[PDB]
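S.K.: This is the structure alone, sequence omitted:
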RNA sequence: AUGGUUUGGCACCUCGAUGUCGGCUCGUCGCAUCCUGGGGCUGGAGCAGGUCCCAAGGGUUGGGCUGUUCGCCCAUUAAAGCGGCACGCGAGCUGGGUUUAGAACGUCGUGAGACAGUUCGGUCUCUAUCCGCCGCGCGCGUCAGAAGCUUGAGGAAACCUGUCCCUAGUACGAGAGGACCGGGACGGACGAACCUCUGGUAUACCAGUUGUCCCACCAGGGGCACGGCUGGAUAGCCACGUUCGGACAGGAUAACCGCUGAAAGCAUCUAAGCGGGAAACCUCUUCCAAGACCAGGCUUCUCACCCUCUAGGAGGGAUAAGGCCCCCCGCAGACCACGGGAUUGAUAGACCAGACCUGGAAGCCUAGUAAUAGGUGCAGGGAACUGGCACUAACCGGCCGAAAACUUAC
């Protein structure tokens, strides 16, 4: 999606890519994760488009997701329940909740989760 | 460059008074019945039970 | 494409379908001391930069030992008619590598 | 775009093969010479039996440029080399034969003889 | 001098009858409603005030709504003043009268006024076109700095040094109106007019041509 | 006679430190004017000059040689001005020259050594306190609290110029040559705005490919190697690109040309007066501008409710119009500010569609021994642009914020 206007997240583009892929993996594995608010803000569109690929689940879309996720159990869950669960919802698969600031560096924290309504 | 002169007390205090912290605004919320103050940025999280209230 | 209502008034139909790689001859009207004539430019379409009204295409030809490139707006009224001779078989969208090739190496496969 | 210390091939049969641009005539502190501009040039390479000699300071006109040049009607013309034709003060070629195509800009600049002598004008 | 408020839409390409290309900027000279007359006997200067843009009535604050009601017209987003020369010139406008695009004619010369794009904090190289220092031959960390600042040991006022750039009202003079499309209220102005797409502009008859 | 721009003379200033030449970058001022502007006499026929008055608005090139300034030269140009400001500018840069220690040549000295003689090499430190200057905010003020739109005292910016075409090959001139005045087009340099075109860039785009490791394996992919390397590359930013600008007109004038005429019966552009007269000056063009303390103007909105001391004034509280914070954002941005949205919603994301970029996905089938090719199929993939769509987030919310009166006149 839209590339970051400013400097990258992990300190380099490759690190940011790895960070985003890992964060999406954890999100789909657990259902909600807690991280710094810029990280969740950057994570929303990425995970939403992976879920979009999973919604129309074909071999081509499966390979498209695997070229980013790298974790086969997570891919299986994504194409077995997460995809079919959001069959009749058009976008907005995730929501962001702002939570209390971190203690060590006062970094704004936020919790990103999948909607289950 | 190095300071050529020692600052007088008036100038030092006048510049130093700008280094201050602002008070966050707090709004009321009902968690487990009891009313308590929370920043409005954390209102939804408090309503969802995601912030520790001591 | 908000400016589309403005654009379509000047948009020009009858334009043949062609792609980078085809060999075409462009009938270009010129002015030679206040009289009209059509000068035909026959060459290889090496690029096409889509813009709607601002669409441009580039035709490259070899003439008297010097390569020449000409860029025309696709909907330019200065072009009375474009005729496509052959269809070329290429793997790119822009054929800039042809600027360094002469004669035998500069040939283009034919779509059969 | 031809400027000082730039090298151009000669599209004539004067015996000169290659010239170096010394000045771009047409106004003080002028920078670039396009198609149809007159430059002061010095001959760097010459045919051994030609009429001109190395180190002659001559006047030439640019007839081809690598940098594409816009035209009034929004079309562009681009060649593969920078070429010049040596002229005299009356804007006629010092040679008798022009090699390779030339641009249409030589018409509005009143280089009628060069245009007529050229194999083809684009 | 005629005038109108408009909006910059973008730039495109057209061809005139000699087949030459004309790069034209599209300006939405939308309908303007005259809201107030400035008169010498009342304000000391003669000018006419125009309103432009469409806005929801629940967005206007009470003072603005009261002013528009006193005028007798429904509120608009933007308000601006056109300064005329004398009462004979301003006699031809009256409150509630609607100005549209056809006040201009083909081939007319106009003066577009807009707010330039923002460029942020800019160095002297970009803000003022300062030539840089050498990138090699020993130059030490001076590749882009202004250099000297130059008896009283004082930096004279007006020093062209770095600072914020852009975001200023700019007038471009003697632009030719290639076409006045009356159906869409669109002016086709040959050239580039200041500001970003969707910004407010003022189109006035040229003061020089 | 001027000046302290040249060498000087003095030693008043600094030895408990005032960087020494050129060059780069950036200036500012003078006019003793190089071009452009207005003039006059010409030993001025016209052209072109000579010389001289006014005139400082703008402009005043790129290279070769030398460390150089200086200077000579090469091409141009309308022109390639002369100077002041620590012979401007090293807490802005350089270190080529000069000015430490190494070494050599010539010369001087018995010698250590020396030479306003030469030659090669040879550390240029610093986090900006104050003034100054460029930008940006916070507070208060402008006699109630607010909000729109503005006048402008006063400042700032800009001011360059060529060639060609008509008039006219006429005036003049033995001829050659060669016009005045006035219109038009196209240029050079400089500046501003902009991204339709051209071109550059592209660290979440598409494709190709090398080495290696992994996804059990094939297929298909992924990590690392400058984004591994290559071919393209929309948006944004930009110039090498596009468009526009220097005006026109008025006023007072300079050198100057004059009109009407005294003292001084004539004369005298003058002491009274009245006119013409320049890129200089004032307006005119663009921009900032009411902290312009004389703190402006035209409007519009709220236009009211308590408590306390002692009723004099004050203090406190709660409100209106409105604003801010929190929130969603921006092509606005260091922060701040600015601008837009906030469920009565298209502000951002997602989703759908289009535009555009790439260039024919996977799987399957067919052909080939295989490399690989064809069909399915303008395929698949995808960011910025555009239009739809409340699916997700803009929230059952906090803080600020409105009137002593008097005098005179009507």
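M.R.: Now that the structure is in, tell me what you want to look at. Residues are numbered from 1 along each chain as shown, chains lettered A, B, ... in the order given.
S.K.: quick one: the helices in chain E?
M.R.: Taking DSSP state H as the test, the helices found in chain E are E:40-43, E:62-71, E:87-90, E:124-127.
S.K.: so which of these comes closest to chain A?
M.R.: Closest to chain A of the helices of chain E is helix E:124-127 (Cβ to the nearest Cβ; 19.5 Å). Backbone N, C-alpha and C define where each C-beta goes, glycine included.
S.K.: got the buried residues for that closest one?
M.R.: E:124, E:127 (16 or more other Cβ atoms under 10 Å in any protein chain shown).
S.K.: Look up how far residue A:42 lies from the closest residue to chain C within chain A.
M.R.: Closest to chain C within chain A is residue A:2: 20.2 Å, counting by Cβ to the nearest Cβ. The gap separating residue A:2 from residue A:42 is 10 Å, by Cβ to Cβ, to the nearest Å.
S.K.: Those two: who's more crowded?
M.R.: More crowded of residue A:2 and residue A:42, by other Cβ atoms under 10 Å in any protein chain shown: residue A:42, with 20 against 6.
S.K.: so where does the more buried one fall, helix or strand?
M.R.: Using DSSP states H and E, residue A:42 sits within helix A:37-55.
S.K.: Going along the chain, name the strands of the chain.
M.R.: As the question left the chain open, I've gone with chain A. A:32-36, A:94-99, A:109-114 (DSSP state E).
S.K.: that's the other chain; I wanted chain D
M.R.: All strands of chain D, identified by DSSP E, fall at D:7-10, D:16-24, D:38-46, D:57-64, D:69-70, D:76-79, D:83-87.
S.K.: for chain E, same thing?
M.R.: Applying DSSP E to chain E gives strands spanning E:3-15, E:21-28, E:32-38, E:47-52, E:78-83, E:98-99, E:109-115, E:118-122, E:163-166, E:169-181, E:186-190, E:200-205.
S.K.: now swap in chain C and tell me
M.R.: C:23-31, C:36-49, C:56-63, C:66-73, C:79-86, C:88-89, C:109-110.
S.K.: Chain B now?
M.R.: Using DSSP E, strands in chain B cover B:26-31, B:34-39.
S.K.: got the contact list for the first one?
M.R.: Spelled out, it's strand B:26-31. B:35, B:36, B:37, B:38, B:39, B:40, B:43, B:46, B:47, B:49, B:53 (Cβ atoms under 8 Å, 6 or more residues apart in numbering or on different chains).
S.K.: which parts of it are buried?
M.R.: Of all the residues in strand B:26-31, those buried under the rule 16+ other Cβ under 10 Å are residue B:29.
S.K.: Select only the buried ones of the contacts of strand B:26-31 in PyMOL?
M.R.: In PyMOL syntax, the buried subset of the contacts of strand B:26-31 is picked out as below (16+ other Cβ under 10 Å):
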select buried, chain B and resi 38+39+46
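S.K.: For residue D:121, state which of the contacts of strand B:26-31 is nearest.
M.R.: Ranked by distance to residue D:121 (Cβ to Cβ), the contacts of strand B:26-31 are led by residue B:40 at 75.3 Å.
S.K.: Residue B:24 is in contact with that closest one, correct?
M.R.: No: between residue B:40 and residue B:24 there is no contact under Cβ atoms under 8 Å: 9.1 Å.
S.K.: got the contact list for residue A:38?
M.R.: If you count contacts by Cβ under 8 Å, 6+ apart, residue A:38 has them with A:9, A:108.
S.K.: Skipping its backbone neighbours, what lies nearest the one residue in chain E that gets nearest to chain D in space?
M.R.: With Cβ to the nearest Cβ, the shortest gap between chain E and chain D falls at residue E:21, namely 3.3 Å. Excluding the flanking residues, the one nearest residue E:21 by Cβ to Cβ, 6 or more residues apart in numbering or on different chains is residue D:74, at 3.3 Å.
S.K.: The one you found and residue C:75 touch, don't they?
M.R.: No: using Cβ under 8 Å, residue D:74 is not in contact with residue C:75, being 10.3 Å away.
S.K.: how deep is residue E:54 tucked in, by neighbour count?
M.R.: Neighbour count for residue E:54, taken as other Cβ under 10 Å: 10.
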